[PDB]
Each structure stands twice: as C-alpha cells, then as structure tokens.
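Quick one: the structure is below, and I'll ask about it shortly.
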Amino acid sequence: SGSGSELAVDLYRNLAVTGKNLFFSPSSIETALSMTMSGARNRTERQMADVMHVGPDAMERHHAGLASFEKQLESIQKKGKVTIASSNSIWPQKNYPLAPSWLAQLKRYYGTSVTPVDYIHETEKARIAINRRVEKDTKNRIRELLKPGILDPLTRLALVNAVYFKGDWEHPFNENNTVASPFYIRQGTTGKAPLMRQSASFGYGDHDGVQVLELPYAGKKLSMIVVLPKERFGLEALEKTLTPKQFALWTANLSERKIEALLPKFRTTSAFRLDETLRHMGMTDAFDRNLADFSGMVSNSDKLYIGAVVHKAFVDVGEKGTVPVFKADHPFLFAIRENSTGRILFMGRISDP
Ligand SMILES: [Zn+2]
Ligand SMILES: [Zn+2]
Ligand SMILES: [Zn+2]
Ligand SMILES: [Zn+2]
C-alpha cells in the first residue's frame with residue numbers, strides 16, 4: 001500500500017542475501033526503469049509496467065509522480081541537512097536516430113541528459129564517459145562505477161545509476177554514549193559494532209515479531225525506519241513473509257514515544273548488475289535482442305535492447321544531528337522514507353556491520 005512500495009519490497013526480496021549487508025535505492029532503480037519504459041512498446045512495455053505495478057491508463061500518472069518526487073528530493077537537499085549525491089542516466093548506442101516523442105517525454109518528466117556513445121567502435125571510451133558522468137553527478141563520491149567487461153561491442157543501451165546518502169538526525173546521538181558492543185551475526189558468530197545510544201522521542205511500533213523505530217533526519221522530511229526482529233536471528237524468517245501491505249502496516253503505526261534506542265553506526269555499500277534480478281521479476285523481453293520492443297525510442301527502425309543495468313548505493317550512518325528499549329544489536333531491516341509522499345528512497349539490511 002503506497003506508491004513504489006510494491007516494487008521496493010519485490011526488489012528487496014530479490015536482493016537480500018543471508019549473512020550479507022544490503023543497501024539500495026528502489027526509487028532510483030524505478031526512475032531508471034521508468035525512463036526506459038517510456039520508450040518500450042507492446043509486450044516489452046507491458047512487462048515493465050507489470051513489474052512496476054502500473055495499471056493500464058496509469059502510465060502518465062506514474063511518470064508525473066516520479067517527476068514530483070524528484071522535485072521534492074531537490075527541495076530537501078537545498079536545506080543542507082542531508083546529502084543525496086545521485087546520478088541516474090541512460091546511454092543509447094550512438095548514431096541511432098532517437099524519437100522526438102521519447103525525448104520530449106523524457107524532458108517533461110525527468111529532465112535527464114541523454115548522451116549516446118558508440119559501443120560498437122569505442123566501448124572503452126563509452127565506459128570512461130559513463131564513469132565520468134557518475135563522478136561528476138555524485139561530486140566524486142561514486143568513482144569508476146563501471147569496470148571493464150560490463151560493456152562490449154554488442155551493448156546497445158545501458159542504465160546507470162548510483163547514489164550516496166548521509167543525513168543529520170533530528171535527535172543527535174552523543175558520541176560519549178557510543179560503546180563498541182557485541183553484534184550477533186549468527187548463532188555461534190558474534191561480531192563487534194559501535195552502538196550509539198540515546199533516549200528520545202521517536203516514532204515507535206510494537207508488533208508480533210518486530211519492533212519498529214522511526215528516526216527522523218533534520219527537517220523531518222526523511223526518516224529512517226528500523227525494523228528489528230524480536231528474535232535475535234529472526235530477520236530471515238521475517239524477510240520470507242515480507243509483503244508490501246506488511247511494510248505499510250509497520251510504517252502506519254508510528255506515533256511519537258520516548259524510546260531508549262541503541263543503533264549501530266555503520267557504512268555499507270551494494271553494487272548490482274540488476275539484469276538477472278529483473279528477469280526473475282518478470283522483465284524478460286527487454287533484455288532479449290530477439291524480443292525487445294523499444295521502437296518508442298527510435299525514429300528510423302533501429303533496435304535497442306537493455307544490455308546492462310548497474311546500480312551502486314552507499315550509506316553512512318553515525319551520531320551527527322541537530323521507556324521501551326530498542327536495541328539493534330542483531331540483524332535488522334531498515335529503510336529511508338520520504339515523509340510527504342511515503343515513498344521509499346532506500347532500503348537495506350544490516351547482518352554484519
Ligand atoms: Zn509485485
Ligand atoms: Zn505485485
Ligand atoms: Zn522526536
Ligand atoms: Zn537467473
């Protein structure tokens with residue numbers, strides 16, 4: 001229940017691996033797929049629409065909603081209390097005439113820069129061109145995103161997106177309260193993480209098998225949602241049951257309450273070639289040269305198909321900012337949510353900080 005939340009949960013369940021951290025942006029993936037879907041036709045388009053849960057007649061509404069979300073993100077970055085270093089771009093093969101209607105559709109709903117590159121003859125300089133745009137967009141935070149081997153002379157279309165995030169809390173942790181503590185990874189394996197501690201008014205929900213804690217970032221326009229299994233190693237069973245409605249229930253029961261919160265500080269990164277994942281989720285024609293219908297992209301019978309989808313996300317969680325116990329010292333799920341729309345900017349899991 002909520003825009004983009006169904007794709008976010010689907011993505012989460014396809015990307016979470018046991019014993020392994022996770023951090024990704026469902027909204028940036030969705031934006032990249034939606035920019036591409038606007039040029040898809042016939043069965044290619046319907047598969048992508050099904051994957052993103054866009055009902056029929058609802059396509060334009062879907063793009064507009066992502067456009068207005070992007071404007072809300074820009075408005076939040078301007079307050080200076082969070083960092084969202086983002087890059088989201090699409091890279092067609094050079095010298096394929098592109099349809100004006102697609103580019104118009106791209107400018108009115110995304111305002112993105114499409115710079116074609118010659119994969120056939122200049123694969124390596126295409127790799128360098130793509131890596132340099134990402135470095136420029138992310139203020140040098142995401143460097144040499146594409147390694148040699150992703151692109152080849154048979155690539156015709158690449159979706160590249162990356163995001164760096166960190167934010168100031170509304171309620172800062174005092175560093176003098178942070179203590180390196182055991183972090184239980186699995187039954188017989190215990191690690192170490194610095195546990196930040198404070199007692200403050202947080203969004204809080206009690207449920208059958210989890211506690212849920214909402215920690216707002218400064219300004220209260222974004223919030224971190226931490227879903228903490230009550231059983232020490234209960235995350236996996238919880239992820240198995242995870243549905244969009246369940247996640248909506250966890251985020252709809254968040255009234256303010258003073259909570260003694262213990263949250264590890266951590267940095268974590270995920271980098272994904274998402275092609276196979278997206279095939280599993282039902283987006284198959286788009287990656288098949290013999291089947292993809294991207295005729296909405298071209299004006300002169302050229303054949304585009306998705307050859308690579310690359311996503312990298314980085315998060316930094318620390319103390320900086322300005323009763324029940326919530327002690328996140330065992331594997332948990334978390335998400336960063338935009339509070340005006342409810343949209344999920346990031347999801348992740350911490351199994352081994
Ligand atoms: Zn679904
Ligand atoms: Zn569904
Ligand atoms: Zn508060
Ligand atoms: Zn597979």
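Along the sequence shown, residues are numbered consecutively beginning with 1. Note that these values count all heavy atoms, side chains included, but never hydrogens, waters or copies made by symmetry.
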>> Show every ring pair (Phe, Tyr, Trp, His ring centres under 6.0 Å) that has at least one partner inside residues 40-72, sequence neighbours left out.
In response: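 Found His63-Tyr109, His63-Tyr110.
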> Looking only at heavy atoms, which two atoms of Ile150 and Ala308 are closest? And how far apart?
Replying inline: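 Shortest heavy-atom contact: CG2-CB, 3.8 Å.
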>> Is it the case that atom CZ in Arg279 sees more than 12 heavy atoms from other parts of the structure closer than 6.0 Å?
In response: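 More than 12 within 6.0 Å, yes.
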> Which heavy atom in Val51 sits nearest to a heavy atom in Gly282, and how many Å separate them?
Replying inline: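 Looks like CG2-C, 3.9 Å.
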>> Are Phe202 and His171 an aromatic pair, judged by ring center distance below 6.0 Å?
In response: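 Between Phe202 and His171, which both carry aromatic rings, the centre distance is below 6.0 Å.
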>> Can you confirm whether more than 12 heavy atoms, excluding those of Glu60, are under 6.0 Å from its CD atom?
In response: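 No.
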>> Quick one, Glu236 with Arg349, criterion salt bridge (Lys or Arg N to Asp or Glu O under 4.0 Å). Give me CA distance, side-chain angles, the key distance, then yes/no.
In response: CA-CA 10 Å; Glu236 286 74 23; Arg349 90 209 287 277; 3.6 Å; yes
> Do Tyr12 and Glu239 get their side chains close enough for a donor-acceptor pair, meaning under 3.5 Å?
Replying inline: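 Yes.
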> Considering all heavy atoms of both residues, which atom of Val163 and which atom of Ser25 are nearest to each other, and what is their separation?
Replying inline: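 Distance-wise, the nearest heavy atoms are CG1-CB, 3.9 Å.
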> For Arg46, which residues count as a salt bridge (charged side-chain N to carboxylate O under 4.0 Å, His left out) partner, sequence neighbours excluded?
Replying inline: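 Scan of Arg46 (salt bridge (charged side-chain N to carboxylate O under 4.0 Å, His left out), adjacent residues dropped) gives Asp50.
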>> Run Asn174 and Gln198 through side chain to side chain donor-acceptor pair (under 3.5 Å) and show every step you take.
In response: CA-CA 7 Å; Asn174 193 306; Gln198 81 179 287; over 6 Å; no
> Between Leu228 and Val210, is any pair of side-chain heavy atoms under 4.5 Å apart?
Replying inline: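 They are not in side-chain contact.
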> Counting only heavy atoms not in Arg273, do more than 12 sit closer than 6.0 Å to its CZ atom?
Replying inline: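 Buried by this count: over 12 neighbours within 6.0 Å.
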> Crowded around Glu276 CD? As in, over 12 foreign heavy atoms under 6.0 Å?
Replying inline: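 Counting neighbours around CD of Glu276, more than 12 heavy atoms of other residues, nucleotides or ligands fall under 6.0 Å, so yes.
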>> Any non-hydrogen side-chain atom of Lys81 less than 4.5 Å from a side-chain atom of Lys320?
In response: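 No, too far: nothing below the 4.5 Å cut-off.
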> Do other residues, nucleotides or ligands put more than 12 heavy atoms under 6.0 Å from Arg133 CZ?
Replying inline: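 Count over threshold, so yes.
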>> Under a 4.0 Å threshold between the charged nitrogen and the carboxylate oxygen, would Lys327 count as salt-bridged to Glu260?
In response: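 Here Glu260 does not pair with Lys327 in a salt bridge, since their nearest N and O are not under 4.0 Å apart.
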> Between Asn161 and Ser28, is a side chain to side chain donor-acceptor pair (under 3.5 Å) present by the stated rule, with each step listed?
Replying inline: CA-CA 7 Å; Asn161 73 296; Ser28 76; 2.5 Å; yes
> Who pairs with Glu74 by salt bridge (charged side-chain N to carboxylate O under 4.0 Å, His left out), at least two apart in sequence or on another chain?
Replying inline: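 Here no residue qualifies.
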> Of all residues at least two apart in sequence or in a different chain, which pass the salt bridge (charged side-chain N to carboxylate O under 4.0 Å, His left out) check with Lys147?
Replying inline: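 Residues passing salt bridge (charged side-chain N to carboxylate O under 4.0 Å, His left out) with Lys147: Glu144.
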>> Under a 3.5 Å distance rule, please check whether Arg156 uses its side chain to pair with a backbone N or O of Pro153 as donor and acceptor.
In response: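 Side chain of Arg156 to backbone of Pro153, a donor-acceptor pair under 3.5 Å: yes, one is there.
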> Where do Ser181 and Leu195 come nearest, in terms of heavy atoms and distance?
Replying inline: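 Heavy atoms only, the tightest pair is CB-CD1, 3.7 Å.
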> Which one of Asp208, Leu238, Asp206 satisfies the side-chain contact (heavy atoms from CB on, under 4.5 Å) criterion with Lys230?
Replying inline: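 Output: one option passes, namely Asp206.
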> Tell me, which pairs form a ring pair (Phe, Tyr, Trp, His ring centres under 6.0 Å) where one or both residues lie in residues 297-329, sequence neighbours left out?
Replying inline: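 Every ring pair (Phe, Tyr, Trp, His ring centres under 6.0 Å) pair that includes a residue of residues 297-329, provided the two are not neighbours, is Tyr164-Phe314.
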>> Looking at every heavy atom in both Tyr119 and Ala158, which two are closest together, and how far apart are they?
In response: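 For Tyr119 and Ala158, the tightest heavy-atom pair comes out as OH-CB, 3.4 Å.
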> Does some side-chain heavy atom of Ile336 sit less than 4.5 Å from a side-chain heavy atom of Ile344?
Replying inline: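 Not in contact.
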>> Checking the side chain of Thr44 only, and the main-chain atoms of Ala40 only, is there a donor and an acceptor separated by less than 3.5 Å?
In response: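 Such a contact is absent between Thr44 side chain and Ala40 backbone.
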> Between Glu135 (side chain) and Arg143 (backbone), is there a donor-acceptor pair under 3.5 Å?
Replying inline: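 No, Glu135 side chain to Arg143 backbone: no donor-acceptor pair under 3.5 Å.
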> Should we say atom CD of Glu124 is surrounded by more than 12 heavy atoms from elsewhere, each under 6.0 Å from it?
Replying inline: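 Atom CD in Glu124 is packed in, count exceeds 12.
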> Any side-chain donor-acceptor pair under 3.5 Å between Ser351 and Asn21?
Replying inline: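 No donor-acceptor contact under 3.5 Å links the two side chains.
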>> Are more than 12 heavy atoms, taken from residues, nucleotides or ligands other than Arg41, located less than 6.0 Å from that residue's CZ atom?
In response: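 Yes, the 6.0 Å shell around CZ holds more than 12 heavy atoms from other groups.
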> Is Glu319 salt-bridged to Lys265, cutoff N-O under 4.0 Å?
Replying inline: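 Salt bridge flag = yes for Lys265 with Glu319.
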> Which residue pairs pass the ring pair (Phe, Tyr, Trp, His ring centres under 6.0 Å) test with at least one member in residues 253-289, sequence neighbours excluded?
Replying inline: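 Residue pairs with at least one partner in residues 253-289: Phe266-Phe334.
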>> Less than 4.5 Å apart, side chain to side chain, heavy atoms only: is that true for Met59 and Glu45?
In response: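 Of all side-chain heavy-atom pairs linking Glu45 with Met59, at least one is under 4.5 Å.
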>> Assess the residue pair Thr243 and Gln246 against the criterion (side chain to side chain donor-acceptor pair (under 3.5 Å)); give the C-alpha distance rounded to whole Å, side-chain angles, the decisive distance to 0.1 Å, and a yes or no.
In response: CA-CA 5 Å; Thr243 70; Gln246 185 51 260; 5.7 Å; no
> Are side-chain heavy atoms of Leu157 and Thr36 found at a separation under 4.5 Å?
Replying inline: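 A side-chain contact under 4.5 Å exists here.
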>> I'd like to know if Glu122 pairs up with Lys94 as an ion pair, taking the criterion as any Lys NZ or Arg NE/NH1/NH2 lying under 4.0 Å from an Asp or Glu carboxylate oxygen.
In response: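 Looking at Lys94 together with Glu122, the answer is no, because their closest N to O distance does not fall below 4.0 Å.
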>> Testing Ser299, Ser38, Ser295 one by one against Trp102 for a side-chain hydrogen bond (donor to acceptor under 3.5 Å, both in side chains), which residue passes?
In response: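 By the side-chain hydrogen bond (donor to acceptor under 3.5 Å, both in side chains) criterion, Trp102 pairs with just one of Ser299, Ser38, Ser295: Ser38.
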> Under a 4.5 Å cut-off applied to non-hydrogen side-chain atoms, are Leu66 and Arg343 in contact?
Replying inline: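 Heavy-atom side-chain distance check passes, below 4.5 Å.
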